[PDB]
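Numbering (the entry's author numbering), first residue to last: 233 to 411, 618 to 678, 687 to 708, 713 to 1444.
By construction, the Cβ of each residue, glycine as well, lies at the ideal position given by its N, Cα and C atoms.
Reviewing the structure listed below.
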Amino acid sequence: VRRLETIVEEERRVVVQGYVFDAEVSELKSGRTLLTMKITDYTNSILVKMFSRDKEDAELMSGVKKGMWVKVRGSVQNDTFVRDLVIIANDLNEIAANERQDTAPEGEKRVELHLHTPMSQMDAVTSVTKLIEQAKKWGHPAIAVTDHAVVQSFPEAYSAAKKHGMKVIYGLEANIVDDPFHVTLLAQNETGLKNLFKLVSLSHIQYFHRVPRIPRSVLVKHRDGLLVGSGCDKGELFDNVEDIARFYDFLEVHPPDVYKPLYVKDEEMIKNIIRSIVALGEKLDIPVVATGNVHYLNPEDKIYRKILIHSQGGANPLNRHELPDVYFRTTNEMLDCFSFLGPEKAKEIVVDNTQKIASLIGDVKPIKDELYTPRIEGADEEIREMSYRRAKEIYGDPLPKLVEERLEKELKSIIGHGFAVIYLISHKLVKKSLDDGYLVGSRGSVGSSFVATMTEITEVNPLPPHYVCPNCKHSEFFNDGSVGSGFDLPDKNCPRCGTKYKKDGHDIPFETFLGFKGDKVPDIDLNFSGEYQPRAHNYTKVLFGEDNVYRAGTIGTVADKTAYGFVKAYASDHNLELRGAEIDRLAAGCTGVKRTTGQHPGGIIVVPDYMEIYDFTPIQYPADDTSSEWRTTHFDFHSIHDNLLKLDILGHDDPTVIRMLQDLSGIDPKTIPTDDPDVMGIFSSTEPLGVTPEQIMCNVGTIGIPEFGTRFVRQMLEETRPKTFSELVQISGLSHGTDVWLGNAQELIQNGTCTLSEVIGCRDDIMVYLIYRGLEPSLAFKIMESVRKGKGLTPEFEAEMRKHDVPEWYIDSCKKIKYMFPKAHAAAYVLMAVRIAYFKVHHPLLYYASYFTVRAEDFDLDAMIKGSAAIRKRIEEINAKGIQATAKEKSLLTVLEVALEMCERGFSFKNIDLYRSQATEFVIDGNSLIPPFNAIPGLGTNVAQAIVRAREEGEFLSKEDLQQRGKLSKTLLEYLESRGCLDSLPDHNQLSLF
DNA sequence: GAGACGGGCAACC
DNA sequence: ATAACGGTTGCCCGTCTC
Ligand SMILES: Nc1nc2c(ncn2[C@H]2C[C@H](O)[C@@H](COP(=O)(O)OP(=O)(O)OP(=O)(O)O)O2)c(=O)[nH]1
Ligand SMILES: [Mg+2]
Ligand SMILES: [Mg+2]
Ligand SMILES: [Mg+2]
Ligand SMILES: [Zn+2]
């Protein structure tokens, strides 16, 4: 039985063992099945191939899964397609993982009091969930979590404590400075837990130096509910009398091996230092505990950490020397390590005292169960009058029954579950943005709420389709279900006052937002312009008070691309030539480790005034930047999703684009029609653009249109040809999410199994259909919510579906969908698409200026200026690279597509112009666009803005004058000069005056 | 060596 | 061409310049 590190060349025959971390099965022309696995015994890894000789072995092959251990016998061959040695297996047997066993007797087990998770930035490697499982299996009565300076593993630890029935001790390894050394904090109770949250907050904010730290006095202030430990070799006492020590409730000592970095003479000195501490805890009646300082599960997991640390260069200084063995140690093996102090002391400090400390810890719940909802005087009642007054002024007094009932039902739910405040705050945020000159785009599931329509938090009106007279208030509603959206109606006059009817209503059920029980916590989503987002953000400090809102924080972890990067460099720097399969496994062992912190892209977390942020999470600065305008949550929004309401104040280009489209045409985009035949025609043809498909390398007219302009969506449009608002809404829905169209709805339509309109194209339809079919609404809602998060179906859901005659293809279709819009989102985004489309057709140059000004960031200006044929040449170059195209080539391709179409429509791009070019805005001149300075590679907004500033306060008098005052590098100056831009100026002036 | 700038990446809606 | 979810903010780090 050969270890995988010993497999180095072709070889007739070997037997080998290992963990299967990947397995795929495929079918050969011959009939035969091939099994392709990767295995690692943790000394190395290898790719294994097996070719079935019969259908029995073929199906067994299908049963080999990740997580299995396997003994394989076979030959070692160079495989030239994989460019690596590989095992061709004749024989395969599943085996036991037979991992480290804990042999002490039940009741007499160890507790680990000092342990690091992947949240110990770039320092630890095994998820807290796996450590917690291991402790449970080894029968440890508890296990502690004590990451460095942070408590970010708490939420996962909790979950795993619950799933596994393990008692977790919530802690912190902290940096204490005297008023810089490590201590261990263990929370005994909720007072202790809250003090932990305060300590991490203070250490990250008031007391952050170059690293989070806690003055000893501030620790004492916040010591209640915490047992304090001395600990490490970076401990206070280990680095040396009794005074220091009497400060601690427990005294830490690590296995002798752990201190092997040696500051010391030999192993006999360390053994004795440990023995001083043993004398010293006994003399002072302080429990001495054998803790492990865990940084990974098993001895061999060491390698992953070694790789992470190595990625930090001489900036780390732990690369100065070999890393200590700090794996999770069994209780019997912890005794072995401490055998020298004899059988009684071994046993005392490894199990009795370790166990005793655990007994001093209660049952702490680090994350709460319920939602805490804000109160602001007048809010419930103001939302009521706002919505009734506004509905009356549109639908009349008294209200039609339909409207009356939607209001009464909606308002008692919003109010009762405590959402009236955020509706109102959302109203003021939108109103201020408008007053400040920035329109706001609608988003997400609040469009499902007519009260939200009435409070001007969404432009989506969810009532059934209908006409309403803007003058006399008369209405007609259609509940036939025959009409998809009011926007689909034919123009019609009020048969009472004569006037032109308004059309509206997308038939969206309120429950998509709050559900039936009101036991779901949605947010409110708003698309503000990216320019304005920060100001919307700051307005929430004014509304709620500076200390009752916090920007949601994020944790930056190592994902695949970074892991593979780290592993290769480590391989390279060490002159290792590794097999693909071994690079993969080292890669996989690095993922999940925290590397940074950051900012949610827009969520503001609201704290009720009768609670405090520390009831929920610590706070800090994103990336630890002490000049940040905003503090962040220490936990990410996902951990506290159900505890506090969130305002998703997002940034987006759509609102900015149509704002500039309006500031340029004078056209009020609210007046744009949603059934203009030429505008709607671009969703299925190039006709309305006045160019050929061959001219613009595209069969539909949606180039540049948000969402619909993509290569995938264009193709869907080619084959679905929508003409109607609700048809566009249907395809918005099926174009967003994996396994929604491809392999699913597409096959269903091409099969004849259902029609385009019957395919599942928003989450709402699932619910609405299941109710129709006879399921209990709240269950239909549950099922909708499960599938739109790509969680598929439970046996109970399927059985409820079947028993009400839901067909097998619909159920199977639910199981595919990985993600899915709510209708109100699709309708919001489509409405914006159509507004912009209107300009694409009727005011083309305005459309292009706004496109290149607001959205584009990657240009080939020389190509663009030469024009049509040159642009096409570049696009073909990028097309040729296929999916081997870099993210950046794709961004360029996207913009060149719209430039080529611009050119074919008869327009063009002029060179940079010293006196007519602007800073960041593409400006209109006749039938052209004069590109702005920031379009130049290397020339950013700043220089762009300076160049414009300087010329406004005095023309340029030489190329030198332009360089000095325009703040231009030599390279940028050459860029202009070589394209003829500076030809009218002398190189320098022979005169200068003040 | 301080600081724009852009690429590459991760988190999130 | 293939297959294909689209679009946004934010953080780190190597490069190029002065
Ligand atoms: N294309 C795409 N859009 C998304 C995705 N996730 C969210 N969005 C868009 C569509 C959603 O309606 C909105 C997401 O906002 P939320 O995360 O607040 O969810 P939503 O409002 O749909 O449900 P909620 O009631 O808030 O739980 O933004 C996604 O994975 N892909
Ligand atoms: Mg330490
Ligand atoms: Mg430690
Ligand atoms: Mg939402
Ligand atoms: Zn009328």
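ask   = Any idea what DSSP makes of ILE652, helix, strand or coil?
value = Position 214 of the first sequence holds residue 652. Residue state, collapsed to three classes: strand.
task = Could you say which of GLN983, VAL871 and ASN782 lies nearest to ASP886 if we only look at CA atoms?
result = As a position in the first sequence, residue 886 is number 436, starting the count at 1. The residue with the shortest Cα to Cα distance from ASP886 is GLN983.
task = Measure the C-alpha to C-alpha separation of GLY764 and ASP379 and round it to an integer number of angstroms.
result = Reading the first sequence from its first residue, position 314 is the one you call residue 764. Reading the first sequence from its first residue, position 147 is the one you call residue 379. Using only the alpha carbons, I get a separation of about 23 Å.
key: Supposed close pair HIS642, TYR1071 - CB separation, criterion 8 Å   = Locating residue 642 in the first sequence gives position 204, counting from the first residue. Locating residue 1071 in the first sequence gives position 621, counting from the first residue. Confirmed, about 6 Å.
inquiry  = Residues around ligand 1, please: the condition is that the C-beta lies closer than 6 Å to some non-hydrogen atom of it.
reply    = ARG893, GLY894, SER895, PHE963, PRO972, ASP973, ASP975, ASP1098, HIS1186, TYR1269, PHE1271, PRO1272 and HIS1275
ask   = Is it true that the region 716-728 meets the region 652-664, where meeting means three or more beta-carbon pairs spaced less than 8 Å apart?
value = no
ask   = Which residue or residues does DSSP assign as beta-bridge partners of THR265?
value = Numbered from 1 along the first sequence, position 33 holds the residue referred to as residue 265. According to DSSP, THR265 bridges with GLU259.
query = Beta carbon of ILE375, beta carbon of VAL621: below 8 Å?
reply = Residue mapping note: residue 375 aligns to position 143 of the first sequence, counting from 1. Residue mapping note: residue 621 aligns to position 183 of the first sequence, counting from 1. No, they are not a contact pair.
query = Where do the ends of the alpha helix (DSSP H) carrying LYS636 lie?
reply = Numbered from its first residue, the first sequence carries residue 636 at position 198. It spans 628-642 - the alpha helix (DSSP H) in which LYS636 sits, taken as one unbroken run.
message = Tell me the rounded alpha-carbon separation between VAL1345 and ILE1153.
response = Start at 1 with the first residue of the first sequence, and residue 1345 comes out as number 895. Start at 1 with the first residue of the first sequence, and residue 1153 comes out as number 703. C-alpha separation (whole angstroms): 9 Å.
inquiry  = Closer than 7 Å to a non-hydrogen atom of ligand 3 - does that hold for the CB of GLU698?
reply    = Against the first sequence, residue 698 aligns to sequence position 252. No; taking the cut-off as 7 Å, the Cβ of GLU698 has no heavy atom of ligand 3 nearer than that.
inquiry  = Cutting at 6 Å between CB atoms, please list the residues of its own chain near residue 711, excluding the five before and the five after it.
reply    = A break in the chain separates 708 from 713, and the residue in question, residue 711, sits inside that break with no coordinates.
query = Which same chain residues, not among the five before or five after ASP411, have their C-beta less than 7 Å away from its C-beta?
reply = Translated into the one-based positions of the first sequence, residue 411 becomes position 179. Correct list, in chain order: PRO653, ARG654 and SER655.
Under the three-state DSSP convention, the category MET1147 falls into = Numbered from its first residue, the first sequence carries residue 1147 at position 697. The answer is coil: DSSP assigns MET1147 none of H, G, I, E or B.
task = Please name the residue in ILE408, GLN353, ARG342 and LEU768 whose C-alpha comes closest to that of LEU785.
result = For the purposes of this step, residue 785 is taken as the residue at position 335 of the first sequence. The residue with the shortest Cα to Cα distance from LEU785 is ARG342.
Beta carbon of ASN766 nearer than 8 Å to that of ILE757 = Here residue 766 is taken as the residue at index 316 of the first sequence, counted from 1. Here residue 757 is taken as the residue at index 307 of the first sequence, counted from 1. Not in contact: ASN766 and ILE757 (Cβ atoms no closer than 8 Å).
inquiry  = Checking 8 Å against the spacing of the C-beta atoms, do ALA986 and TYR1014 come in under that value?
reply    = Stepping through the first sequence from its first residue, residue 986 is reached at position 536. Stepping through the first sequence from its first residue, residue 1014 is reached at position 564. Taking 8 Å as the Cβ cut-off, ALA986 and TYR1014 do not qualify as a contacting pair.
Check: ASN782 C-beta below 7 Å from any heavy atom of ligand 3 = Position 332 of the first sequence, counted from the start, is the residue given in the question as residue 782. Not under cutoff, so the answer is no.
request  = Give every residue of the same chain whose Cβ lies closer than 8 Å to the Cβ of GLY1006, excluding the five residues on either side of it in the sequence, and list them in chain order.
outcome  = Numbered from 1 along the first sequence, position 556 holds the residue referred to as residue 1006. So the qualifying residues of the chain are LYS1044, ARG1045, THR1046, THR1047 and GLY1048.
ask   = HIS916: beta carbon under 7 Å from a heavy atom of ligand 5?
value = Along the first sequence, read from residue 1 onward, the residue named residue 916 stands at position 466. Answer for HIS916: no, Cβ out of range of ligand 5.
Stretch-stretch touch, CB-based, cutoff 8 Å, three pairs: the region 917-928 with the region 856-872 = no
inquiry  = Using the three-state DSSP reduction, which class does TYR694 fall into: helix, strand or coil?
reply    = Stepping through the first sequence from its first residue, residue 694 is reached at position 248. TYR694: coil per DSSP, three-state reduction.
inquiry  = Could you check whether the Cβ of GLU674 sits closer than 7 Å to any heavy atom belonging to ligand 2?
reply    = The residue labelled residue 674 in the question sits at position 236 within the first sequence. Every heavy atom of ligand 2 is 7 Å or more from the Cβ of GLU674, so no.
message = For the beta strand (DSSP E) containing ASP1098, name the first residue and the last one.
response = Taking the first residue of the first sequence as 1, we reach residue 1098 at position 648. Counting along the chain, the beta strand (DSSP E) containing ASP1098 begins and ends at 1096-1102.
ask   = How close, in whole Å, do the beta carbons of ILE907 and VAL880 come, if the pair is a contact with beta carbons under 8 Å?
value = Translated into positions along the first sequence, residue 907 becomes position 457. Translated into positions along the first sequence, residue 880 becomes position 430. Contact holds; Cβ gap of about 6 Å.
task = Whole angstroms is fine: what's the gap from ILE364's alpha carbon to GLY1101's?
result = On the first sequence, position 132 is the one that residue 364 refers to. On the first sequence, position 651 is the one that residue 1101 refers to. When rounded, the distance between both Cα atoms is 40 Å.
query = Roughly how many angstroms lie between the CA atoms of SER809 and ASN627, to the nearest whole one?
reply = Here residue 809 refers to the residue found at position 359 of the first sequence. Here residue 627 refers to the residue found at position 189 of the first sequence. Between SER809 and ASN627, the C-alpha separation is close to 12 Å.
task = Run through the region 925-1013 for me and flag every whole alpha helix (DSSP H) of 4 or more residues, listed as ranges in chain order.
result = 961-964 and 983-994
ask   = Quick one: what's got a C-beta closer than 8 Å to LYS991's C-beta in the same chain, skipping five residues either side?
value = Position 541 of the first sequence holds residue 991. Excluding residues within five positions, the ones whose Cβ falls inside 8 Å are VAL999.
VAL1209 vs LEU1184 beta-carbon contact at 8 Å = Position 759 of the first sequence, counting from 1, holds the residue named residue 1209. Position 734 of the first sequence, counting from 1, holds the residue named residue 1184. Closer than 8 Å, so yes.
task = Starting from the Cα of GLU1402, find the closest Cα among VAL1373, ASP286 and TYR1365 and give me that residue.
result = For the purposes of this step, residue 1402 is identified with residue 952 of the first sequence, where counting begins at 1. Minimum Cα distance to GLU1402 is reached at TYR1365.
query = Per the contact definition of three or more C-beta pairs closer than 8 Å, is the region 1017-1035 in contact with the region 797-804?
reply = Cβ pair count under 8 Å is below three, so no.
Beta-carbon gap between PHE978 and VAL890 smaller than 8 Å = Taking the first sequence and counting its residues from 1, the one referred to as residue 978 is at position 528. Taking the first sequence and counting its residues from 1, the one referred to as residue 890 is at position 440. Yes.
request  = Pick out whichever of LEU1407, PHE1175, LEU708 and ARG1164 has its Cα sitting closest to the Cα of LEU1281.
outcome  = Along the first sequence, read from residue 1 onward, the residue named residue 1281 stands at position 831. The shortest Cα separation from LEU1281 among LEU1407, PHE1175, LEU708 and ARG1164 belongs to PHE1175.
request  = Could you tell me the distance, in whole angstroms, from the CA atom of residue 709 to the CA atom of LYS1265?
outcome  = Residue numbering in the chain jumps from 708 to 713; residue 709, which lies between, is not modelled.
ask   = How big is the Cα-Cα spacing for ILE1286 and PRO1143?
value = In the first sequence, counting from the first residue as 1, residue 1286 sits at position 836. In the first sequence, counting from the first residue as 1, residue 1143 sits at position 693. Going by the C-alpha atoms only, they are around 21 Å apart.
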